[PDB]
$ cat work20.txt   # compact mmCIF, C-alpha atoms (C1' of nucleotides)
# COMPACT_ATOMS: atom_id res chain seq x y z
CA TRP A 57 94.24 131.43 109.21
CA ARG A 58 96.57 128.95 110.88
CA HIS A 59 99.55 128.14 108.62
CA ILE A 60 100.79 124.59 109.03
CA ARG A 61 104.35 124.33 107.75
CA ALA A 62 107.06 121.68 107.76
CA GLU A 63 109.49 120.42 105.07
CA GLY A 64 107.42 120.15 101.88
CA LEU A 65 104.16 120.88 103.71
CA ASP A 66 102.10 123.85 102.64
CA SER A 67 98.58 123.92 104.06
CA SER A 68 96.17 126.12 106.05
CA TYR A 69 93.25 125.78 108.48
CA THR A 70 90.36 128.08 109.37
CA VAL A 71 86.79 127.79 110.60
CA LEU A 72 84.36 128.72 107.85
CA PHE A 73 80.96 128.36 109.52
CA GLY A 74 79.54 129.21 112.96
CA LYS A 75 78.15 126.50 115.21
CA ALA A 76 74.54 127.31 114.35
CA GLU A 77 75.28 127.24 110.62
CA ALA A 78 77.64 124.28 110.70
CA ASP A 79 74.94 122.50 112.70
CA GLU A 80 72.33 123.32 110.04
CA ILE A 81 74.62 122.27 107.20
CA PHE A 82 75.60 119.03 108.93
CA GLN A 83 71.92 118.27 109.17
CA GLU A 84 71.26 118.80 105.45
CA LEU A 85 74.34 116.79 104.57
CA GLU A 86 73.02 113.88 106.59
CA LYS A 87 69.58 114.31 105.03
CA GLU A 88 70.81 114.55 101.40
CA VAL A 89 74.10 112.74 100.74
CA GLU A 90 73.55 109.32 99.16
CA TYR A 91 76.46 107.03 100.09
CA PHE A 92 77.93 104.15 98.08
CA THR A 93 77.11 100.61 99.22
CA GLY A 94 77.84 96.98 98.22
CA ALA A 95 80.30 96.66 95.31
CA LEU A 96 80.93 100.42 95.25
CA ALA A 97 82.59 100.36 98.67
CA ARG A 98 85.04 97.51 98.58
CA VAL A 99 88.66 98.33 97.82
CA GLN A 100 91.51 95.85 97.24
CA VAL A 101 94.86 96.15 99.01
CA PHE A 102 97.63 93.59 99.06
CA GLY A 103 95.27 91.52 96.91
CA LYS A 104 92.66 91.44 99.66
CA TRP A 105 89.17 92.86 99.27
CA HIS A 106 87.56 94.95 102.03
CA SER A 107 84.50 97.05 102.65
CA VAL A 108 85.68 100.51 103.59
CA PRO A 109 85.71 101.33 107.36
CA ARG A 110 83.35 104.25 106.71
CA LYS A 111 80.94 105.48 104.08
CA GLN A 112 81.89 107.22 100.82
CA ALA A 113 80.38 109.33 98.11
CA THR A 114 81.55 111.18 95.04
CA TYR A 115 79.64 114.13 93.67
CA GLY A 116 80.84 116.08 90.63
CA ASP A 117 80.63 117.21 86.99
CA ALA A 118 79.61 114.64 84.37
CA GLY A 119 82.28 112.43 82.80
CA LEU A 120 84.90 112.60 85.55
CA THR A 121 85.78 109.49 87.60
CA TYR A 122 87.83 108.82 90.75
CA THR A 123 89.88 105.67 91.21
CA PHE A 124 91.88 104.35 94.13
CA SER A 125 92.93 101.04 95.64
CA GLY A 126 91.26 98.97 92.93
CA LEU A 127 87.94 100.80 92.96
CA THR A 128 86.56 103.24 90.36
CA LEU A 129 83.79 105.69 91.30
CA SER A 130 81.94 107.85 88.77
CA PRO A 131 80.42 110.96 90.39
CA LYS A 132 76.78 111.73 91.10
CA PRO A 133 75.18 114.92 89.74
CA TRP A 134 75.55 117.90 92.05
CA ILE A 135 73.00 118.72 94.75
CA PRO A 136 72.14 122.25 96.01
CA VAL A 137 73.85 121.70 99.38
CA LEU A 138 77.27 120.79 98.09
CA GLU A 139 77.01 123.15 95.15
CA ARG A 140 76.54 125.94 97.73
CA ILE A 141 79.64 124.94 99.68
CA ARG A 142 82.03 124.53 96.74
CA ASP A 143 80.93 127.96 95.51
CA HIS A 144 81.61 129.40 98.95
CA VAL A 145 84.95 127.58 99.14
CA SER A 146 85.85 128.53 95.54
CA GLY A 147 85.05 132.12 96.49
CA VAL A 148 87.30 132.22 99.55
CA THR A 149 90.38 130.36 98.30
CA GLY A 150 90.23 131.73 94.76
CA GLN A 151 90.60 128.14 93.47
CA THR A 152 87.89 126.15 91.65
CA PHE A 153 86.67 122.55 91.99
CA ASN A 154 84.54 120.26 89.88
CA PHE A 155 84.49 117.27 92.23
CA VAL A 156 84.09 116.17 95.85
CA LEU A 157 84.85 113.01 97.78
CA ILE A 158 82.69 112.58 100.83
CA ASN A 159 83.76 110.36 103.70
CA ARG A 160 81.50 109.87 106.70
CA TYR A 161 82.83 108.26 109.84
CA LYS A 162 79.95 107.09 112.06
CA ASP A 163 82.13 107.02 115.18
CA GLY A 164 85.82 107.03 116.12
CA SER A 165 86.19 103.41 115.04
CA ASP A 166 85.54 104.20 111.36
CA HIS A 167 88.85 105.43 109.89
CA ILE A 168 91.11 105.88 106.84
CA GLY A 169 94.58 104.31 106.47
CA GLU A 170 97.69 106.16 105.27
CA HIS A 171 98.01 107.35 101.68
CA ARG A 172 98.64 110.35 99.44
CA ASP A 173 96.39 111.97 96.87
CA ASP A 174 98.43 111.25 93.73
CA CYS A 175 96.38 109.84 90.87
CA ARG A 176 96.62 110.61 87.14
CA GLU A 177 93.15 112.21 87.30
CA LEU A 178 94.35 114.74 89.85
CA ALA A 179 95.30 118.13 88.42
CA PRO A 180 99.06 118.76 88.92
CA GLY A 181 99.50 121.52 91.49
CA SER A 182 95.80 121.86 92.32
CA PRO A 183 95.00 122.35 96.03
CA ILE A 184 92.46 120.23 97.96
CA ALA A 185 89.73 121.55 100.27
CA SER A 186 88.90 119.43 103.33
CA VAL A 187 85.71 120.71 104.90
CA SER A 188 84.68 118.87 108.04
CA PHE A 189 81.35 118.71 109.86
CA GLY A 190 80.25 116.92 113.02
CA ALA A 191 82.75 115.40 115.43
CA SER A 192 86.31 116.63 115.71
CA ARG A 193 88.84 114.07 114.56
CA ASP A 194 92.59 114.05 114.42
CA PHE A 195 94.06 114.29 110.94
CA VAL A 196 97.61 113.02 110.71
CA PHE A 197 100.40 113.90 108.28
CA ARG A 198 103.54 111.76 108.02
CA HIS A 199 106.42 112.51 105.65
CA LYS A 200 107.38 110.43 102.58
CA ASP A 201 110.95 109.62 103.72
CA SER A 202 109.97 109.06 107.39
CA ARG A 203 107.92 105.85 107.16
CA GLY A 204 109.25 102.28 107.43
CA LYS A 205 111.56 100.07 109.54
CA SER A 206 114.51 102.49 109.26
CA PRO A 207 113.65 105.75 107.43
CA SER A 208 115.78 107.98 105.20
CA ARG A 209 115.22 110.94 107.55
CA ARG A 210 113.16 111.28 110.74
CA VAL A 211 110.84 114.31 110.82
CA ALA A 212 108.22 115.42 113.34
CA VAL A 213 104.81 113.87 112.71
CA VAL A 214 102.21 116.60 112.14
CA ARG A 215 98.96 116.05 114.00
CA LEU A 216 95.89 118.29 114.13
CA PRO A 217 92.19 118.16 115.00
CA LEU A 218 89.67 119.10 112.32
CA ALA A 219 86.90 120.98 114.08
CA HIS A 220 83.19 121.25 113.22
CA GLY A 221 82.63 123.44 110.13
CA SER A 222 86.36 123.87 109.46
CA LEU A 223 88.46 124.16 106.30
CA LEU A 224 91.81 122.54 105.71
CA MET A 225 93.53 123.65 102.53
CA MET A 226 96.03 121.16 101.17
CA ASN A 227 98.19 123.22 98.76
CA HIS A 228 101.12 122.08 96.59
CA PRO A 229 103.55 120.24 97.08
CA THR A 230 101.81 118.90 100.20
CA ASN A 231 100.28 115.79 98.63
CA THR A 232 103.53 114.96 96.87
CA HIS A 233 105.58 114.82 100.06
CA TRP A 234 103.18 113.95 102.86
CA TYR A 235 101.06 110.94 103.72
CA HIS A 236 97.80 111.58 105.53
CA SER A 237 95.30 109.55 107.61
CA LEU A 238 92.45 109.71 110.12
CA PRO A 239 93.38 107.17 112.82
CA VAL A 240 90.98 105.28 115.10
CA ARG A 241 89.73 107.30 118.07
CA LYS A 242 87.83 104.96 120.41
CA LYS A 243 86.67 107.75 122.74
CA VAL A 244 84.65 109.25 119.87
CA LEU A 245 80.98 108.36 119.69
CA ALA A 246 79.56 110.99 117.36
CA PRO A 247 79.72 110.96 113.53
CA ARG A 248 81.87 113.13 111.25
CA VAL A 249 81.28 114.08 107.60
CA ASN A 250 84.23 115.28 105.56
CA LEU A 251 84.21 116.96 102.19
CA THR A 252 87.35 116.88 100.05
CA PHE A 253 86.85 119.11 97.05
CA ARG A 254 89.30 118.78 94.19
CA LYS A 255 89.95 119.44 90.49
CA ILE A 256 89.84 116.36 88.25
CA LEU A 257 90.96 115.69 84.65
CA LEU A 258 89.47 114.36 81.41
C1' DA B 1 110.24 95.30 80.61
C1' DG B 2 111.57 96.20 85.40
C1' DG B 3 110.50 98.78 89.84
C1' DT B 4 107.66 100.13 93.42
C1' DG B 5 104.83 100.19 97.12
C1' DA B 6 99.77 99.30 99.11
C1' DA B 7 93.01 97.31 103.76
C1' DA B 8 93.53 94.43 108.23
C1' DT B 9 96.36 92.69 111.38
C1' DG B 10 99.78 91.85 115.42
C1' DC B 11 103.19 93.79 118.16
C1' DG B 12 105.29 97.53 122.10
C1' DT C 1 94.26 102.58 123.24
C1' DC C 2 97.30 104.05 120.20
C1' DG C 3 100.92 104.25 117.12
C1' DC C 4 102.90 102.17 113.53
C1' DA C 5 105.41 98.64 111.07
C1' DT C 6 104.16 94.48 108.61
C1' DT C 7 101.86 92.18 104.79
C1' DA C 8 104.76 88.48 100.50
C1' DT C 9 100.04 90.04 96.41
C1' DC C 10 99.20 92.98 92.28
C1' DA C 11 97.87 97.33 90.05
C1' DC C 12 100.29 101.13 88.52
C1' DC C 13 104.59 103.82 87.20
$ encode --input "work20.txt" --output "structure tokens"
Amino acid sequence: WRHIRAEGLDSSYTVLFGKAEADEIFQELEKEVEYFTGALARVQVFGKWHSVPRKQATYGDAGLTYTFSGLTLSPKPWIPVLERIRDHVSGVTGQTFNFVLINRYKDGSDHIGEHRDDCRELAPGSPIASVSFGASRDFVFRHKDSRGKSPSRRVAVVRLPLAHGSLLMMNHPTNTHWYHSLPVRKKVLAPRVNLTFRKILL
DNA sequence: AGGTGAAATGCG
DNA sequence: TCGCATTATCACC
């Protein structure tokens, strides 16, 4: 495993699946995952509504829901594909998950803006499992006190590419202290599907 | 209450 | 292209 470590950043990266396998899995994912459309894909930020620059889906146990930027998504019942991955992931990390956010970026122009994972529904201390398939993309971590016109402290930005069939483990207190994003990457033409598995509450 | 801080856009 | 700081409104803490 590759241990990524800065001030308040505890996370780890490894490649879980071969190319052949990851290729197979990526194919099933594409075949099976039903993405949200219309109303279920428009967040609100600074009081302005927008369709997300990508496609989303939530799969998970009954009852749970996932809310961000003015949008609430109740999860779809598990499917054999995802159920197989979470079990594999659960097995390797030790940790357990009852939910998964799926973002698919069709090309390097689809992206996600900066934020942390810090919602009431999120289990305090629980790690998050980012499992990527398809195109490599750069995943960027910036520190809480480092953003803005003139920051509190200036710390090295942490950049890294998330390869095909790879795991990124976001342990605690990572998501307390560090913002993350997937910036635009014009030179990318292929799609990427990312699975963030997490533990949700109530 | 009373405080904070968050998708596209427009720089360098 | 890319990084990233702005946005001047409003849900959430």
$ interface_residues --input "work20.txt" --of "chain C" --to "chain A" --cutoff "8 Å" --atoms "all atoms listed in the file" --output "JSON list (two decimals) with C-alpha atoms (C1' of nucleotides), in the coordinates of the input"
[["chain", "number", "residue", "atom", "x", "y", "z"],
["C", 1, "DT", "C1'", 94.26, 102.58, 123.24],
["C", 5, "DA", "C1'", 105.41, 98.64, 111.07],
["C", 7, "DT", "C1'", 101.86, 92.18, 104.79],
["C", 9, "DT", "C1'", 100.04, 90.04, 96.41],
["C", 10, "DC", "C1'", 99.20, 92.98, 92.28],
["C", 11, "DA", "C1'", 97.87, 97.33, 90.05]]
$ residues_near_point --input "work20.txt" --point "(75.8, 118.3, 106.0)" --cutoff "12 Å" --atoms "only C-alpha atoms (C1' of nucleotides)" --output "ChimeraX atom specification"
/A:73,77-90,135-141,158-160,187-190,220-221,247-251
$ residues_around --input "work20.txt" --residues "residue 12 in chain B" --least-positions-apart "6" --cutoff "12 Å" --atoms "only C-alpha atoms (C1' of nucleotides)" --output "number ranges by chain"
C: 2-5
$ residues_around --input "work20.txt" --residues "residue 13 in chain C" --least-positions-apart "6" --cutoff "12 Å" --atoms "only C-alpha atoms (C1' of nucleotides)" --output "PDB file with C-alpha atoms (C1' of nucleotides), in the coordinates of the input"
ATOM      1  CA  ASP A 174      98.430 111.250  93.730  1.00  0.00           C
ATOM      2  CA  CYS A 175      96.380 109.840  90.870  1.00  0.00           C
ATOM      3  CA  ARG A 176      96.620 110.610  87.140  1.00  0.00           C
TER       4      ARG A 176
ATOM      5  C1'  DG B   2     111.570  96.200  85.400  1.00  0.00           C
ATOM      6  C1'  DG B   3     110.500  98.780  89.840  1.00  0.00           C
ATOM      7  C1'  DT B   4     107.660 100.130  93.420  1.00  0.00           C
ATOM      8  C1'  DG B   5     104.830 100.190  97.120  1.00  0.00           C
TER       9       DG B   5
END
$ atom_distance --input "work20.txt" --atom1 "CA of residue 96 in chain A" --atom2 "CA of residue 162 in chain A"
18.1 Å
$ atom_distance --input "work20.txt" --atom1 "CA of residue 71 in chain A" --atom2 "CA of residue 245 in chain A"
22.2 Å
$ closest_residue --input "work20.txt" --among "A:169, A:116, A:229, A:131" --to "chain B" --atoms "only C-alpha atoms (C1' of nucleotides)"
A:169
$ residues_around --input "work20.txt" --residues "residue 66 in chain A" --least-positions-apart "2" --cutoff "12 Å" --atoms "only C-alpha atoms (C1' of nucleotides)" --output "PyMOL selection string"
chain A and resi 58-64+68-69+181+183-184+197+214+224-234
$ decode --input "work20.txt" --residues "chain C" --atoms "N, CA and C atoms (P, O5', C5', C4', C3', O3' and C1' of nucleotides)" --output "CSV table (one decimal), in the first residue's frame"
chain,number,residue,atom,x,y,z
C,1,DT,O5',-7.3,22.8,-23.1
C,1,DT,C5',-6.2,23.6,-22.8
C,1,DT,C4',-5.4,23.1,-21.6
C,1,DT,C3',-6.2,22.5,-20.5
C,1,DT,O3',-5.3,21.7,-19.8
C,1,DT,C1',-5.4,24.6,-19.8
C,2,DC,P,-5.8,20.8,-18.5
C,2,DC,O5',-5.5,21.8,-17.3
C,2,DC,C5',-4.1,22.2,-17.2
C,2,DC,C4',-3.9,23.0,-15.9
C,2,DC,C3',-4.8,22.6,-14.7
C,2,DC,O3',-4.0,22.8,-13.5
C,2,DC,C1',-5.2,24.9,-15.3
C,3,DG,P,-4.6,22.1,-12.1
C,3,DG,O5',-3.5,22.6,-11.0
C,3,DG,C5',-2.8,23.9,-11.0
C,3,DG,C4',-3.6,25.1,-10.5
C,3,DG,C3',-4.5,25.0,-9.2
C,3,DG,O3',-3.7,25.5,-8.1
C,3,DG,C1',-5.3,26.5,-10.8
C,4,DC,P,-4.2,25.4,-6.6
C,4,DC,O5',-5.1,26.7,-6.5
C,4,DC,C5',-4.6,28.0,-6.7
C,4,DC,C4',-5.8,28.9,-6.8
C,4,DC,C3',-6.9,28.7,-5.7
C,4,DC,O3',-7.3,29.9,-5.1
C,4,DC,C1',-7.9,28.8,-7.8
C,5,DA,P,-7.0,30.2,-3.5
C,5,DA,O5',-6.9,31.8,-3.4
C,5,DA,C5',-6.8,32.7,-4.6
C,5,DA,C4',-8.0,33.4,-5.0
C,5,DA,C3',-9.0,33.7,-3.9
C,5,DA,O3',-9.3,35.1,-3.9
C,5,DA,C1',-10.2,32.7,-5.7
C,6,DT,P,-10.5,35.7,-3.0
C,6,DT,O5',-11.8,35.7,-4.0
C,6,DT,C5',-12.1,36.9,-4.8
C,6,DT,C4',-13.3,36.5,-5.7
C,6,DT,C3',-14.6,36.9,-5.0
C,6,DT,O3',-15.2,37.9,-5.7
C,6,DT,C1',-14.7,34.8,-6.1
C,7,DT,P,-16.4,38.8,-5.1
C,7,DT,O5',-17.6,37.7,-5.3
C,7,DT,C5',-18.3,37.8,-6.6
C,7,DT,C4',-19.4,36.7,-6.6
C,7,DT,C3',-20.4,36.8,-5.5
C,7,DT,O3',-21.7,36.6,-6.1
C,7,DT,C1',-19.6,34.6,-5.6
C,8,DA,P,-22.7,37.8,-6.5
C,8,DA,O5',-24.1,37.4,-5.7
C,8,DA,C5',-24.1,36.5,-4.6
C,8,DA,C4',-24.5,37.3,-3.3
C,8,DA,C3',-25.0,38.7,-3.5
C,8,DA,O3',-26.1,38.9,-2.6
C,8,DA,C1',-23.1,38.7,-2.1
C,9,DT,P,-27.6,38.4,-2.8
C,9,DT,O5',-27.5,37.1,-3.7
C,9,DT,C5',-28.7,36.3,-4.0
C,9,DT,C4',-28.6,35.0,-3.2
C,9,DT,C3',-29.6,34.9,-2.1
C,9,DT,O3',-30.7,34.1,-2.5
C,9,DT,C1',-27.4,34.0,-1.5
C,10,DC,P,-31.5,33.1,-1.5
C,10,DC,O5',-30.5,31.9,-1.4
C,10,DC,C5',-30.9,30.5,-1.2
C,10,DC,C4',-30.4,29.9,0.0
C,10,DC,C3',-31.3,29.9,1.2
C,10,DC,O3',-31.4,28.6,1.7
C,10,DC,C1',-29.2,30.6,1.9
C,11,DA,P,-32.8,27.9,1.8
C,11,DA,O5',-32.4,26.6,2.5
C,11,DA,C5',-31.7,25.6,1.7
C,11,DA,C4',-30.5,25.1,2.4
C,11,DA,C3',-30.8,24.4,3.7
C,11,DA,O3',-30.1,23.2,3.7
C,11,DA,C1',-29.1,26.0,4.2
C,12,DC,P,-30.3,22.1,4.8
C,12,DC,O5',-29.1,22.5,5.8
C,12,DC,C5',-27.8,22.2,5.4
C,12,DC,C4',-26.8,22.6,6.4
C,12,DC,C3',-27.1,22.0,7.8
C,12,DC,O3',-25.8,21.6,8.3
C,12,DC,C1',-27.0,24.3,8.0
C,13,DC,P,-25.6,20.9,9.8
C,13,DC,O5',-24.1,21.2,10.1
C,13,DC,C5',-23.5,22.5,9.9
C,13,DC,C4',-23.0,23.3,11.1
C,13,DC,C3',-23.2,22.6,12.4
C,13,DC,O3',-22.1,22.9,13.2
C,13,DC,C1',-24.3,24.6,12.5
